[PDB]
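Enquirer: Sharing a structure here in structure tokens format.
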Amino acid sequence: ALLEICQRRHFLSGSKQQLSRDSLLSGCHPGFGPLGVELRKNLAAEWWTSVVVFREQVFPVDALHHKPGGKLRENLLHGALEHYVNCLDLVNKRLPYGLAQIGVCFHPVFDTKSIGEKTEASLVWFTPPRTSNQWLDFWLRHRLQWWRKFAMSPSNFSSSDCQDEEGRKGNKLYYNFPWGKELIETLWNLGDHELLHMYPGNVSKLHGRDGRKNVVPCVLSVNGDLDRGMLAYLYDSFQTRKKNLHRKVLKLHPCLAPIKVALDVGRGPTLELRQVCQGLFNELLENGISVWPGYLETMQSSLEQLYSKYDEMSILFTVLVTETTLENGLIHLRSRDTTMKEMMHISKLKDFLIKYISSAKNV
Amino acid sequence: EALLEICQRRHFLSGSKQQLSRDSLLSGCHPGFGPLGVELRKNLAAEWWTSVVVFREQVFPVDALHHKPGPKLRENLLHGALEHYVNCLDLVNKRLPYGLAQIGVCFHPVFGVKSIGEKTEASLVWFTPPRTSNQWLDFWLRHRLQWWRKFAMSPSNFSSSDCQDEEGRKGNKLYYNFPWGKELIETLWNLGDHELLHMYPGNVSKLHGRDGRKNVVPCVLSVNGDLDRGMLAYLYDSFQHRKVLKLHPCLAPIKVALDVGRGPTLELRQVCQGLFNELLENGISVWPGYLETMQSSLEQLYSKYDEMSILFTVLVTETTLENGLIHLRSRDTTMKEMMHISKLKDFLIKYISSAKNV
Amino acid sequence: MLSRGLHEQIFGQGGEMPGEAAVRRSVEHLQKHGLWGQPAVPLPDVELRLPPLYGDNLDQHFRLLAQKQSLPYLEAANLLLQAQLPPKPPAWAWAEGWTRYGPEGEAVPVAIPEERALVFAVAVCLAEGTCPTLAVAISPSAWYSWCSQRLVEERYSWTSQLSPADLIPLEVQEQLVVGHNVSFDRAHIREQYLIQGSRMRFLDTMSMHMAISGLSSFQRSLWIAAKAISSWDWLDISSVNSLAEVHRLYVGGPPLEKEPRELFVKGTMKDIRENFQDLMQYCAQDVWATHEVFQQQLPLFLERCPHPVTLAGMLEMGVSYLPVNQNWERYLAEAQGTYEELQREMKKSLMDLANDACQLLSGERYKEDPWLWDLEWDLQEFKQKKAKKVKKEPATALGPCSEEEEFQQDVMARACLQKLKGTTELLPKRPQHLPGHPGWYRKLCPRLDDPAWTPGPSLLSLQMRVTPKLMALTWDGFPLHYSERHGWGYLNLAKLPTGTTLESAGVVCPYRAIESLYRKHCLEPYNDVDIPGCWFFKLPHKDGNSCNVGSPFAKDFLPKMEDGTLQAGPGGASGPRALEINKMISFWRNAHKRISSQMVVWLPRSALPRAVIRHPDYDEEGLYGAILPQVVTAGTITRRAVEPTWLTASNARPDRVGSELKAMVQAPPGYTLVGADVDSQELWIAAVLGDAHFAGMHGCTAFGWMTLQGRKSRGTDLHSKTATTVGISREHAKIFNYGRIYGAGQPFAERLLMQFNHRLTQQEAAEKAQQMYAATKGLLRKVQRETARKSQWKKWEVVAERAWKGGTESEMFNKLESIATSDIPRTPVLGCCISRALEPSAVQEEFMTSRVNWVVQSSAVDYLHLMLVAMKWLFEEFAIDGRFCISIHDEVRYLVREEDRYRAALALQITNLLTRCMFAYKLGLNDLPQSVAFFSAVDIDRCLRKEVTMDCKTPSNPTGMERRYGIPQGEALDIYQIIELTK
DNA sequence: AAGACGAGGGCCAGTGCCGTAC
DNA sequence: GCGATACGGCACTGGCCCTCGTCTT
Ligand SMILES: Nc1ccn([C@H]2C[C@H](O)[C@@H](COP(=O)(O)OP(=O)(O)OP(=O)(O)O)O2)c(=O)n1
Ligand SMILES: [Mg+2]
Ligand SMILES: [Mg+2]
């Protein structure tokens, strides 16, 4: 409950003091900083990869923010439900099939009169009644698995089995914040009620081929708050006894980490073949890895200062270009997980970073 | 024309029968978007964010609220970027002129009763000293025009107009020829500090950034492009007895699709699943038509995959289970080729990478 | 009714055999022991019409059964024996299918080698297995060579079809296939995977070698070491189970050459075709050597194992069958997933600890760390050789704008970047591991040029030796350590000296942080060495340890991890959770290779019982198949089954990951498996060997009376009576008893019972000393007990009496030693003589325990064989479909069908009764007790498991997945007779 | 300029300890 | 005098051998 200063100093959040847990959990926050929206960006991308791309029968859906008939959408489930028939047509009535969409939703909140918005990643899984529960447990285990990685302590993420007011099964996902558990994702099994209500005339356009027979689809639904999730990983990244020596650093997963590497200039001052830093810069961004530029600086200070400055930004590696490297071709490298000086080659550094992220995606 | 109908049957746009007109498309009102159009917009936005991340020195991405902070929906994407100016000042260390880019769903009233339309626009607010604001505005003019030119099948279809007024000293507007009527695609204005000096008075001592041992309140450049109108632009730019959409390879939603030819066999599905996973492993969008269920004809299949702007169609026959050879088929040339299944990934990747030029 | 336990039997009218003097001795013994408080609880007698006996006794019954079951196979074996051999072909045919080589080795294309019997050895390319690639088989008539479909270069898809070798002939006797490790070859037979069948049985020369001249593993160790006064006499009379060695033993010809390149396991399919002829030749050499070995073994085995029950038993014990489905594949995927997840978490935490501890290198502050000061802490920065010159120092050698006119200056900086890049490469040679990081961290990382490279410090463990000392607090102390043993634990004043001095140069050690850590610990060499915990300064020596081995690392001390001492830090419940994770993946870690690679052939809808298709299950495009366990018929000792995976298969525990492996063998629709576990065998065996030795009746022993007195159902067995002392129920007490029978060593039983009961050593010692009453007593200078009434004498010549050794009172170890004394057969009953390497004639022998265990476990295995042949006899005689066997020593399960399950269970009960009556008859009397005649638990359900109720870990919901339930049995099955017309 | 001693890493079998079943 | 019959795993290690480096002729 004191890493907030690290979020203000290094903008993963707003510099406003009024950032209470209520203001963060309601979505009434003034907004996220560049590093924060980048972190959430990589988080949502990691969602999209491990939910939409690898798994077939799942297609993107674009739901509007409002209704043609003022209050906005509370959930982007219904907007996806409106796109059921056409998406049935593009799948040739082959269910199970799902529609996924990551969009901001607007929730009315009575602060004890306002309205708070928050980014939500939703997947609506149209699945036959015969295998509804199986897909529910499936998505439970898989979502919980997706959230239990990227974490330094996966024990904080939990799942709760719960029933509806009528009896419909469902599962909730929690993250153990320092003040208790908090809801981060919800999974429910909707017994084809809303689809039936949306199409009262001809229900024949709702029938989906289960295999040897066309059945009415049961509507599974999973909605994940990525703001509370980004905050969850934000808290999880930060460090707790008899360590005898402490350093301020948040350990975010290399995949979702906002800024991957940090390029600077050492020794210092050296003119004027420093345009090689530009080369390494464009080369790095060409491969799609985030690089912070340490060119125009006021420090000119202890290396511990910008090292801690980079550790507060969860920057994986710190590449240092010096005149000796200008001579031979071996720049410096300081890892975040293990603060240790290491020499390496340039293209070797590029491929090392690419292999680092790519393998980090793996086991 | 006959293009709006091949976007309905190929799921670029949402299902409509009355609000399918060009006027309803140009309007924010919808009948949202189809999966193909969504992926096209995501790739377009990705290339947009990529063509501004290469821009030195540093431009920080932000996100603005949609409703009113004091209680309503947003029209432009400027105010939210102006609210985070003083904060990002710390991150740029007040050192030089700097910008803030963001992509968001802004709204606009569309006129019985009158409704509200939505548009996903990409904006860039570039804070720059008054003495070097016009030059940088011309710079962004050229860079944006070239940005639209790269993925364009024809550079003559995109145009750049000049304008000015008493409120904005100099501005530029990017138009696109349809050619059913040139339409607004992007606006590039040079607003003074009056916009920023209205939300922070005072004591305005924070606003002025350092500019070579000099304190000066920065002039505000307003970049505002439309990705929906751009999507439609490239859709009309790709439309060419044949009916094939030749979207840019780096822009095309689905760039490859693989089916089977031999009668429904499990081994074919195994191999196809293999190629599926392999292609998806290297970030290559692949349409699975090997499900399938019948695989009726080949010509109408090719027509479908050409209306979906698929770069290459792959056919896995029974010979592939012997020699590994596979039936490739291009789109821009429609040349029925054959190549070993192992050298397909490298080919597609090299082909997409070969489209990287300016 | 009567004689303290008997049932209505027609196994002999006479009979007593009273032995009044012997029963007076027994009664007096049991009175002074003393047990004379009978419960008088008569078990319900069963009146059923027994199956027809063939006379005269049940001995000739089982004998004639075993003979009529193994007669055709013996005929075929004899056909292999008198086989006159045609020479090997000059060249092997490169054609798919079988190739017959008859006159002058001509190539005759054949689909199936029609022969009564043949030797067999299949080959399989491991590079893309497990599909057969080659095979050679010789016959009493001619030669045969089978090539697989791998003769044409294609991009094959292996889903294990019916591609294994075809060997069986169609009907619209009969077969015998011998081979070295024949089960593996059987696994590659096309027609063996079918639900029904089969006539073809198998004979294993390896198992046969084990029966004739086998040796224990302890013997194997010092047998291969040949490269305890008379312990090297059996060295040349026996051999290891290797084909080359067993051939060098039984044939004794020239040494057979083995493949020096190991091409079938080391090479691809490419380099196999290049050396096809040679590999075929080697395979032929193998089948030839195996043929010879078999020829020389069969009569030897027939001599050493004269009773046909062993033969037919070994015949049926080699055709096991495990039916499975897609649920197998799902099981593999889910289990491997869970394993990878838990391992990911563990390695994540450990690599985190290994990352945050790497920081205290700067500057030299690692010496203060009381855990991390033994290792390297190296700082390397090498290297370079000079080529640039000369004589000048190379170590030292705010404007606002908006310019873009230099559009191509970026390609200038790019070109400069590449041109700079290409010049440095020839400076270094080979990429070494990261020198910037300490050595302990280098070793704890994967190599850069490794195909399986993972970021950060990988290879963390659990059970490594660096990481536990890296984080854990140590038993109310500071440091852990290792040298000959890790931190001591589990498995009249004494004093020792102290010493501190300085010389150099050696690694500095710190002893303050330890004492301060102890201070912080109690904030909530001597003394505190016995029961408390502390660490000294230097030494290093024992100074108060109980275990004589050590334990790196503490991996099964959860009760000693969840009770305060010991704990870890940092910190919290991370320790016990880490131990939990280790315990969860303990099984799958040491087995996953054996289960994932556990191949399985799927039979299509073309070749499966259509009556099963008629059954309301398909199921939903589901795949049905099976796998043959691949079991060596006889592995020491005594001729017990040996199988890499299924015999060491974990049970249903909600803790272990792959614990469902046992219950993944699901019966096909319409079919169901019915099995049973003997309760108990070896105990009642020792009991009978006792009472039959002492007198005629079964309850004339102190130990033998308690065995046949307890009932497991709502009661208390002997194991359960020892487990409620207390006492720990129930497997632990079983280990204590069976360990007591084969050597209840005082310290062994000590640390064992103390490990299981968790109390203090003195009271425990009292308990042992009380339980040690059973083995007592026993027998110039000597133990003060002989045949003389008193030991003290003066110049008394009695070297002729010091030849008798025997314990007294409760137990009957004297009989087991009596079977362990005979220099000839030692086979009761039946009845097979084992090992020319343990037969005391020309052996020291000093291998006593192995031979006592040999006796009792042999009785157990002959029990097994008897059960097999008995079950087979009334399964073919009556209409009981599904005769496929799946046996695990004590337990045995048959794959019956849903409509013939109760009659099959009835067949199991009859079998058990007849076998018990056999063991009773071989020693007398034919009469037998009540609570031992019939089975108590008969499992009847789809998948095979332990208890009828089954929970599990990985699938979490067992019945959640497509499953059923089990049924206890019982007494309700004793109403369905063996006749078809029931109910 | 060629030859010889020495240091580092991969592949190998051997050994100690742990893990399961009966 | 004594747990017994197996079955495998991983961590660690001394040793053979190729490769690179580097001193030496
Ligand atoms: N640690 C062990 C376990 C078993 N056995 C032997 C003795 C047995 O008689 C035989 C069968 O093992 P069981 O586990 O079945 O022992 P029980 O027959 O006594 O148990 P139960 O009554 O449940 O059948 O294996 C052994 O020697 N050592
Ligand atoms: Mg038993
Ligand atoms: Mg048993």
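Residue numbers (PDB author numbering), protein chains in the order written: chain B, 68 to 136, 179 to 221, 229 to 355, 362 to 485; chain C, 67 to 137, 180 to 219, 227 to 355, 368 to 485; chain A, 78 to 249, 262 to 316, 341 to 510, 530 to 623, 630 to 662, 738 to 992, 1025 to 1228. Virtual Cβ for every residue (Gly too), placed ideally from N, Cα, C.
Could you check the C-alpha separation between B/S117 and B/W241 for me, to the nearest Å?
Expert: A direct Cα-Cα distance of roughly 15 Å separates B/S117 from B/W241.
Enquirer: Taking beta-carbon pairs under 8 Å, can you tell me which members of the segment 246-275 of chain C lie near chain A?
Expert: When CB distances to chain A are screened at a threshold of 8 Å, the residues of the segment 246-275 of chain C falling below it are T247, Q250, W251 and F254, in chain order.
Enquirer: Going along chain C in order, which residues have a C-beta closer than 9 Å to the C-beta of A/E173?
Expert: Within chain C, no residue comes near A/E173; the closest Cβ sits about 16 Å away, beyond 9 Å.
Enquirer: Should A/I898 be labelled buried (16 or more other beta-carbon atoms within 10 Å of its own) or exposed?
Expert: buried
Enquirer: In chain order, what residues of the same chain have a beta carbon less than 8 Å from the beta carbon of A/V1100, not counting five sequence neighbours either side?
Expert: Within the same chain, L902, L1061, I1064, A1065, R1071 and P1073 come within 8 Å of A/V1100 by CB-CB distance, once the 5 residues on both sides are set aside.
Enquirer: Apart from the five residues just before and just after B/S481, which ones in its own chain have a Cβ nearer than 8 Å to its Cβ?
Expert: none
Enquirer: Can you look up B/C278 in the DSSP assignment and give me helix, strand or coil?
Expert: Residue state, collapsed to three classes: strand.
Enquirer: Compute every distance between the C-beta of A/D482 and the non-hydrogen atoms of ligand 3, then say whether any falls below 7 Å.
Expert: no
Enquirer: Taking only beta-carbon positions, decide if B/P217 is within less than 8 Å of chain C.
Expert: no
Enquirer: So which of B/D89, B/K83 and B/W115 has the shortest CA-CA distance to B/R344?
Expert: B/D89
Enquirer: If contact means a Cβ-Cβ distance below 8 Å, which residues of the segment 377-405 of chain C contact chain A?
Expert: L393, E394, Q397 and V398
Enquirer: Taking only three categories from DSSP, how would you classify C/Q210?
Expert: strand
Enquirer: With a threshold of 6 Å on Cβ separation, who are the neighbours of A/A154 within its own chain once the five nearest residues in sequence on each side are excluded?
Expert: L411
Enquirer: Can you list the residues of chain A that C/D326 reaches, using a CB-CB cut of under 7 Å?
Expert: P532
Enquirer: Let me have the residue list for ligand 2: C-beta closer than 7 Å to any non-hydrogen atom, ordered along the chain.
Expert: A/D890, A/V891, A/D892, A/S893, A/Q894, A/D1135 and A/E1136
Enquirer: Answer with yes or no whether the minimum CB distance from B/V319 to chain C is below 8 Å.
Expert: no
Enquirer: Run through DSSP, which three-state label would A/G848 get?
Expert: strand
Enquirer: Does the segment 235-246 of chain A come into contact with the segment 814-821 of chain A, if we say contact requires no fewer than three beta-carbon pairs (one atom in each stretch) closer than 8 Å?
Expert: yes
Enquirer: Let me see if you follow: with CB-CB separation under 8 Å, is C/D129 close to chain B or not?
Expert: At a cut-off of 8 Å between C-beta atoms, C/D129 counts as an interface residue with respect to chain B.
Enquirer: Using a Cβ cut-off of 8 Å, pull out every chain B residue sitting near C/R344, in sequence order please.
Expert: Near C/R344 there are no residues of chain B at all, since even the closest Cβ is about 16 Å away, more than 8 Å.
Enquirer: Three-state secondary structure (DSSP) at A/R290?
Expert: The answer is strand: DSSP assigns A/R290 an E or B state.
Enquirer: In the DSSP assignment, find the beta strand (DSSP E) that holds B/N292 and state where it starts and stops.
Expert: Counting along the chain, the unbroken beta strand (DSSP E) around B/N292 starts and ends at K285 to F293.
Enquirer: Look at A/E1143 and A/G883 and say whether their C-beta atoms are less than 8 Å apart.
Expert: yes
Enquirer: For the beta strand (DSSP E) holding B/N305, just list the boundary residues, first then last.
Expert: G296 to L306
Enquirer: Give the straight-line distance between the Cα atoms of A/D608 and A/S593, rounded to the nearest whole angstrom.
Expert: 24 Å
Enquirer: Quick check on the DSSP output: the beta strand (DSSP E) that includes B/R396 runs from which residue to which?
Expert: Element bounds for B/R396: n/a, residue is neither H nor E.
Enquirer: State the start and end residues of the unbroken beta strand (DSSP E) segment that holds C/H467.
Expert: Where C/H467 is concerned, the enclosing beta strand (DSSP E) stretches over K463 to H467.
Enquirer: In three-state DSSP terms, what is A/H1134?
Expert: Of the three classes helix, strand and coil, the one that applies to A/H1134 here is coil, per DSSP.
Enquirer: Taking only three categories from DSSP, how would you classify B/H454?
Expert: Three-state result, B/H454: strand.
Enquirer: Comparing the C-beta of C/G307 with each C-beta of chain A, is any distance below 8 Å?
Expert: Cβ-Cβ to chain A under 8 Å: no for C/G307.
Enquirer: Could you pull the DSSP bridge partners for C/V443 from this structure?
Expert: C/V387
Enquirer: Is any heavy atom in ligand 1 found nearer than 7 Å to the beta carbon of A/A962?
Expert: no
Enquirer: Can you name the residues of chain A whose CB is closer than 7 Å to the CB of B/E449?
Expert: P507
Enquirer: Grab the span of the alpha helix (DSSP H) containing A/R177 for me, first residue to last.
Expert: No alpha helix (DSSP H) holds A/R177; the beta strand (DSSP E) holding it covers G174 to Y178.
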